[PDB]
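Some notes on the structure that comes next.
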Amino acid sequence: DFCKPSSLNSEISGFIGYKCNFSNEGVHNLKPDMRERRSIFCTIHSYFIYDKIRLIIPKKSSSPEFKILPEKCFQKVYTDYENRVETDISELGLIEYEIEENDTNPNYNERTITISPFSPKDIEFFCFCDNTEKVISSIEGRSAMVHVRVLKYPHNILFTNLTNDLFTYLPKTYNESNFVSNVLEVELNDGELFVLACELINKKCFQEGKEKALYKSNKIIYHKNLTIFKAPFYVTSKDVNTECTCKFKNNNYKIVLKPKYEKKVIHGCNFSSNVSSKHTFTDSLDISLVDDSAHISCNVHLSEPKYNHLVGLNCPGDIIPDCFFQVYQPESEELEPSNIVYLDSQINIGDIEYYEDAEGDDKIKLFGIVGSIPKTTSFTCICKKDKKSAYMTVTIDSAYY
Amino acid sequence: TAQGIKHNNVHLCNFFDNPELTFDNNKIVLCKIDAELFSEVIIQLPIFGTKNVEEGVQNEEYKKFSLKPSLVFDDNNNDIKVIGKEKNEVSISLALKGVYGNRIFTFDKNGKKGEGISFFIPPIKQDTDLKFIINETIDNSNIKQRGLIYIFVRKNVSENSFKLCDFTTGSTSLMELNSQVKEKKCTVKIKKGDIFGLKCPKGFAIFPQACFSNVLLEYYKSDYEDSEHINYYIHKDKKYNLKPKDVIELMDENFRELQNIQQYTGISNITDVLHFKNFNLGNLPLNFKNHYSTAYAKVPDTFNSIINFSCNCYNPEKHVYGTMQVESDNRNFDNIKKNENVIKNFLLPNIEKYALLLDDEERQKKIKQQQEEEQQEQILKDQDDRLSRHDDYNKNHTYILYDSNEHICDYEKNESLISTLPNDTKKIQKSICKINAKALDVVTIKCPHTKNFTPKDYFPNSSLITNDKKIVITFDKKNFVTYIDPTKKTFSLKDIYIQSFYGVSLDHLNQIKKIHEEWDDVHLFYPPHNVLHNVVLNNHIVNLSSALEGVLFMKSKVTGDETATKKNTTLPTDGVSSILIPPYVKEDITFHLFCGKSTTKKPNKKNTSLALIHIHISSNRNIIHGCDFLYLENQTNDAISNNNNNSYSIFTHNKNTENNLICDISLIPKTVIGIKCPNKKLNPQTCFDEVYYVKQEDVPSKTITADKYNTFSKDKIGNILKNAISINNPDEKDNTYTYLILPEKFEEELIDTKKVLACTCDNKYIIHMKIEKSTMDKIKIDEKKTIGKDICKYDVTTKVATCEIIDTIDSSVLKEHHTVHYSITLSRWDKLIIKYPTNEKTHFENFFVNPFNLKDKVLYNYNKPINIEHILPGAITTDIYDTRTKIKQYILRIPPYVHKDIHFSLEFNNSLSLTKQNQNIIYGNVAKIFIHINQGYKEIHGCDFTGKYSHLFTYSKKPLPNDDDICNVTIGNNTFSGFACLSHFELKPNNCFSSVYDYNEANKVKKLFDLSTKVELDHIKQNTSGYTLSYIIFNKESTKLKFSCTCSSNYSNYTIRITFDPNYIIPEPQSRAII
């Protein structure tokens, strides 16, 4: 029932995955091959909560020409991609991070780095794997690079301390003295990251609750006696009770997390006649009360430097493709399956705060946008029912590109 | 009470024409054989009962002989029979411990046919008693005996020292092999003075032929324990390393057998060089359709070094073969320069384009234009393509004839891959060059230099003559020129079996036992000469002349220097040579060739390096056109012989109504002809430069003569107006016939309708090149091509996606969309289905598929096929045939996970089909298909047990000897899971996940549907690469139960523990590969 926080991430056999593999047998080897010529970026542009990014490289005894730049990556990393300026990773200001160098395999060498979300500022570091020096019949090798832009979490950190250890770089907003009757209740704004320190926690710490149905997008991870709780972008009710239990000092401390309730007007479209549902949409165009199979459309547009908006679609019937994990590519006269593309790639954000709900036959797909998109992007979700179809379009013209 | 005619390495007892053992003697007449040591045992008995052999030697006075049993003695032959106590017989193959070579033979000169009985001794550890009788049968009360026989084979081996691979039965038995399982393993371990044997099951034949007399050059390391050194020549205790004269080098006009025996030869002499007691069945093993292809050999006593090699069984009926590994157990190299120190490397080729219509200086001045255009479309697909690359090219272009290319694997350029390290001499190197060549592509390989043999002959020819060398021996549909002892009749089919490597002419046979023949060069190579002819097959040698029908050996060119002349293809004399890949190939089997280097004239693994080269050749499915004159000879053979049921040829062989000498061939575009005439026997040799014109006088043309084609007049077009490149070089006496082809478009201006040009071959058959108005009508109706870019259908509630194909290219419908291109973009787990006809359905009687299979020959590069599993692993295949409508369907469900943008094309074609409506002709059409997938999502939450699938499953369990695993998986709804196990393994319980154990219910077997009715399933029992996979997806199941499976095998087991539980432990990173 109760175990140390770090033990919850070890409950898996084999390997956890999430590896940037550039070995000869890896995902994209650098060996001279006629089958590919494009550059390789295993970029993961996103916040990191003790997340594991692993680099797999061939053994030097097998591929001496294979270079590792910096040679002790991730212990040493590059901060200038174009110029490859080497700096010690510790000098980047990374907070409570760790790196590993595993070589328990004759075929390859493994490098693993874990990054906490506690960096006071955005940190970007790069590691280069160069095999272009392999001159085989004048056929140069390919170059691989691991991009890890550790963005400072774009929300306040509500840290609670219930341990015998001191966290130098944490806000330490709450501690044991704030637990009334061994119970602490705090309010988190949309997307706020909550962190709890405790040596012995329940295996379901912030995983179960009474009214936490709206709190499930959390990627709850545990490390360094710390439990990290990433609040979802959007909620529909204030009373979202997420509970955790801490056994600090043999006392049953209780931690309750609830949103700072402020419903976000959805900068999307509502094709359902139920315009009084739990959600609110900027644009509404009822599919019903439409005869002769007349098509309807709604061009949603967004443009701001930073994005704290909620974009989604509400419509009866089925969505083709099933948004938002796959969405149409806007570049076509008719938005047919030939335009199917992943939304994570369409808007260049992999940190999309997906939120899906349904009311009867009405499919509701919503997702939160935090930060900014490096390029202007747009996507379209088509909703079809019987003989009539509704076209949903979002144009996110962020101040970039 | 005495012995017989035992002849040490040979054993014989002739009672037919032997004065010692014939009825002429009125005293004791009997023979005894103490056979041993894998040597033949010949019994040449008189005729027992009137047999259809000859007359005169079997006159009435010599016809009153008979003794049981008088069985079949014609070309059809059963196992030799040996009489026993009951006066009846038992099969010799079981009377002695596995006899081989049980064949009957007869003498030909003056028709002295006799029931010769030859058989080769197998390993035997005891003295076996076989007894016969010889009886005279005049009539009842006149039956008198005159002799008997007694075979007394002796002990020559021991059970411990004898290793055998009885491929008939066992887990490695080759009988169970089918289209899905092609090969099984076996080995024989032989230490000092051991015995090894091979026995293919009935229906297989041993290859390479002459094994084990000549075997693979794989490993050669010396041992200190050896008592006798090696010489590499006919001297010392070995009797090989010489080449033939009077079989292949001395030929005459009457010799018509030159191109009919170029099947298998060219292997190295190491085993002979190593004094191995090699015994073989030559190039003609037993009648394996009802017999076992068997051979035996023994380790030499005075030799104890290291050698590695292998030989194989084979059968093309089901594409099944078995490898036989042979090695010396005395591996006295377990610590120095062994496999661990053998560095493995790879090489890539240099690519050019063949001079299809160009010359030497054009190689530098013009072929650049050809080379710089083809790859533009591939570049367009790589970069320009964003949605789908349809065939939008419909004007001012041609594809079929422009795809020719050239590939070169030069090792003299990459000396590091074959030469020893300059300073790090503590290791040896191995290299492998890969060429993925296709049809119409010239493959030229470069390697170090090594030259051929040089026999010699000497004799004082004066006041002497040798006129006792005029005799032949006939058996198994063949007649052989061999030699016989005048009195003792001591010879051997072993001599006949090796006669392919030797011959005797004139009077020069002085002191052959002492020969030190050497090459003109020092470097080691395998095969010694003409590597591109005797192409290697990984661990097997075969002749390319017959193995690859239609192959052309292309001249070598080290340099086009000022002294250049008409060079030849001989390798490795100059280290350069070239061949042509025919458009039609019998099978997709790949071929190889070995290259090596050394420092001195007597080197070995201690001072040598090994290199390998790989060239891939595409197969074909559509029969060629033209006449195979050797097939007409095969028809005359069918008249000669009755057991030629396997009358299969790769040519349609269009037949005239009544005449056989005539070959009425129609020059049709988009077709390939295969007129097969040996070397340049085609007459005139300048044909078609010089031809003979006959006119449409007799429709059947039954009354025609070949000699008539000598007097005709020609004044049309001209004689020298169109010239082509050389495509037949008779320097190599084993070259194929010329090839004639046409482009995608044809012209009607220069045709002559009522007249036909002709050429002759074999002095009997006549070639006729005609053209019909039907072809002109077909082209005039098909030139107007219309192309339509359509889209397919799909459903989301079922996640189905399929296109319409068959209703498009019907040849009985008026066409406004003569061509249609279908591109359909799919995603994970999408079940694609392809419906296509065959060449039997109504209005589709000539339909053909390009590529040649939707399941294993899809296209990855422009007009370059490859298997689906080589680039798209974990794909399910299911090819089926409809019961009535003659419809062929395929299932192409996409793998759940994909790591890179993927788009492959596979086409169809029905242009060869047509039908008649209202006395008018309606022709066929063409179609194409394109698919797009892109990356997947939610990579499989399971475990892999093959290694190569490491990028598809979370866990990659690389198998190890006697391995065990506990693959615990916890998945939720909409979560993909599965496992991959080797095809050779067995799934226990069977058909997982369809029926699986229960984790909590005492591992009870429960049906997948019973466990959860919402569980979709898909299974891969076996695939081309040799792996077994199972797929499972849970969709909105309102329960959390558990189950388990287990992959099991003799030396490997894997356990899968499965529990179903909704969960989410992914932050959606989805590692982003830019590719």
For segment B:826-865, which residues satisfy the criterion of being among the hydrophobic types (A, V, I, L, M, F, W, C), in a loop (DSSP other than H, G, I, E, B) and either touching a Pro at 6+ places or on another chain (Cβ under 6 Å) or surrounded by fewer than 17 Cβ atoms within 10 Å (Cβ to Cβ) (or both)?
B:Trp829, B:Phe844, B:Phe847, B:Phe852
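Just the residues that are assigned to a strand (DSSP E or B) and either of a type outside the set (A, V, I, L, M, F, W, C) or within 14 Å of chain B (Cβ to nearest Cβ) (or both), please, taken from segment A:274-285.
Those that are assigned to a strand (DSSP E or B) and either of a type outside the set (A, V, I, L, M, F, W, C) or within 14 Å of chain B (Cβ to nearest Cβ) (or both): A:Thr282, A:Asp283, A:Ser284.
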Name the one entry in A:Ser90, A:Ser143, A:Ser138 that is surrounded by fewer than 20 Cβ atoms within 10 Å (Cβ to Cβ) and closer than 23 Å to A:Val195 by Cβ.
A:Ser90
Does B:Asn1050 fit the bill of being among the polar types (S, T, N, Q), surrounded by fewer than 18 Cβ atoms within 10 Å (Cβ to Cβ), more than 26 Å from B:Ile894 (Cα to Cα) and more than 13 Å from chain A (Cβ to nearest Cβ)?
yes
Look through B:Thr954, B:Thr877, B:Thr946 and report the one residue that is of a type in the set (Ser, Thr, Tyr), within 14 Å of chain A (Cβ to nearest Cβ) and touching a residue at least 60 places away in the same chain (Cβ under 8 Å).
B:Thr946
What is the number of the single condition among (1) in contact with a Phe, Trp or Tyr (Cβ under 7 Å, 6 or more places away or on another chain); (2) surrounded by fewer than 15 Cβ atoms within 10 Å (Cβ to Cβ); (3) among the charged types (D, E, K, R) that B:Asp1061 does not meet?
(1)
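One line per residue, one yes/no per condition, for (1) within 14 Å of chain A (Cβ to nearest Cβ); (2) over 15 Å from B:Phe908 (Cα atoms); (3) surrounded by fewer than 16 Cβ atoms within 10 Å (Cβ to Cβ):
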| site | (1), (2), (3) |
| --- | --- |
| B:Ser774 | no, yes, yes |
| B:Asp777 | no, yes, yes |
| B:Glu783 | no, yes, yes |
| B:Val796 | yes, yes, yes |
| B:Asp807 | no, no, yes |
| B:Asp810 | no, no, no |
| B:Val813 | no, yes, yes |
Segment A:300-401: strands (runs of 3 or more DSSP E) wholly inside it with 2 or more residues that are more than 14 Å from chain B (Cβ to nearest Cβ) and in contact (Cβ under 8 Å) with a residue 12 or more places away in the chain are A:310-316, A:353-359, A:362-368, A:377-385, A:388-396
Listed residues A:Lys385, A:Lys375, A:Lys365; which is surrounded by fewer than 22 Cβ atoms within 10 Å (Cβ to Cβ), among the basic types (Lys, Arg) and within 22 Å of B:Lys799 (Cβ to Cβ)?
A:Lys385
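Yes/no matrix, rows are residues, columns are (1) within 14 Å of chain A (Cβ to nearest Cβ); (2) of a type in the set (D, E, K, R); (3) within 21 Å of B:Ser726 (Cα to Cα); (4) touching a residue at least 60 places away in the same chain (Cβ under 8 Å):
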site	(1), (2), (3), (4)
B:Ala355	no, no, yes, yes
B:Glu361	no, yes, yes, no
B:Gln370	no, no, yes, no
B:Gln376	no, no, no, no
B:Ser388	yes, no, no, yes
B:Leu401	no, no, yes, yes
For B:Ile971, are the conditions met, namely being among the hydrophobic types (A, V, I, L, M, F, W, C), within 14 Å of another protein chain (Cβ to nearest Cβ), under 30 Å from A:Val146 (Cβ atoms) and surrounded by fewer than 16 Cβ atoms within 10 Å (Cβ to Cβ)?
no
Counted residues in segment A:46-78 being in contact with a helix residue (DSSP H, G or I) (Cβ under 7 Å, 6 or more places away or on another chain) and assigned to a strand (DSSP E or B) come to 2
Between B:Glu136, B:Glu159, which is among the acidic types (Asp, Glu), assigned to a strand (DSSP E or B) and out of contact with any helix residue (DSSP H, G or I) (no Cβ under 6 Å at 6 or more places or on another chain)?
B:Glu136
Of the numbered conditions (1) assigned to a loop (DSSP other than H, G, I, E, B); (2) under 46 Å from the mean Cα position of the chain (by Cα); (3) within 13 Å of chain A (Cβ to nearest Cβ), B:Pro1062 satisfies every one except a single condition; which is it?
(2)
Residue hits (segment B:894-913; crowded, with 20+ Cβ neighbours inside 10 Å and of a type in the set (A, V, I, L, M)) are B:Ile894, B:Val898, B:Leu906
Within segment B:238-246, is there a residue that is under 17 Å from B:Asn304 (Cβ atoms), in a loop (DSSP other than H, G, I, E, B), touching an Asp or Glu at 6+ places or on another chain (Cβ under 7 Å) and touching a residue at least 12 places away in the same chain (Cβ under 8 Å)?
yes
For segment B:363-403, what are the residues that are assigned to a helix (DSSP H, G or I), exposed (fewer than 11 other Cβ atoms within 10 Å of the Cβ) and of a type in the set (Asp, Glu)?
B:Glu372, B:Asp384
So which of B:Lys381, B:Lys337 is at positive phi and in contact (Cβ under 8 Å) with a residue 24 or more places away in the chain?
B:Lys337
Within 14 Å of chain B (Cβ to nearest Cβ) and either more than 26 Å from B:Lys799 (Cβ to Cβ) or not in a loop (DSSP other than H, G, I, E, B) (or both): is that true of A:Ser288 in this structure?
no
Could you tell me which numbered condition A:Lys152 fails, if it satisfies all but one of (1) crowded, with 17+ Cβ neighbours inside 10 Å; (2) in contact with a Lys or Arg (Cβ under 8 Å, 6 or more places away or on another chain); (3) assigned to a loop (DSSP other than H, G, I, E, B)?
(1)
Among (1) within 30 Å of B:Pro349 (Cα to Cα); (2) more than 9 Å from every other protein chain (Cβ to nearest Cβ); (3) in contact (Cβ under 8 Å) with a residue 60 or more places away in the chain; (4) under 27 Å from the mean Cα position of the chain (by Cα), which single condition is A:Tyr50 missing?
(1)
Those residues that are within 7 Å of chain B (Cβ to nearest Cβ) and among the charged types (D, E, K, R), I need them from segment A:1-45; list them, please.
A:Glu36, A:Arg38
Of all the residues that make up segment B:921-943, how many are within 14 Å of chain A (Cβ to nearest Cβ) and not basic (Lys, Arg)?
13
Looking for something polar (S, T, N, Q), touching a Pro at 6+ places or on another chain (Cβ under 7 Å) and within 18 Å of B:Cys967 (Cβ to Cβ) - is there at least one such residue anywhere in segment B:1034-1050?
no
Has segment B:321-333 got any residue that is out of contact with any strand residue (DSSP E or B) (no Cβ under 7 Å at 6 or more places or on another chain) and of a type outside the set (S, T, N, Q)?
no
Subset of segment B:162-176 that is under 11 Å from B:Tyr321 (Cα atoms) and touching a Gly at 6+ places or on another chain (Cβ under 8 Å) - its residue that is surrounded by the most Cβ atoms within 10 Å (Cβ to Cβ)
B:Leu174
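Computed from the coordinates by the stated procedures, all read-outs in this text should not be read as laboratory data. Every residue, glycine as well, gets a Cβ built from its backbone with ideal geometry; the counts of neighbours run over all protein chains shown.
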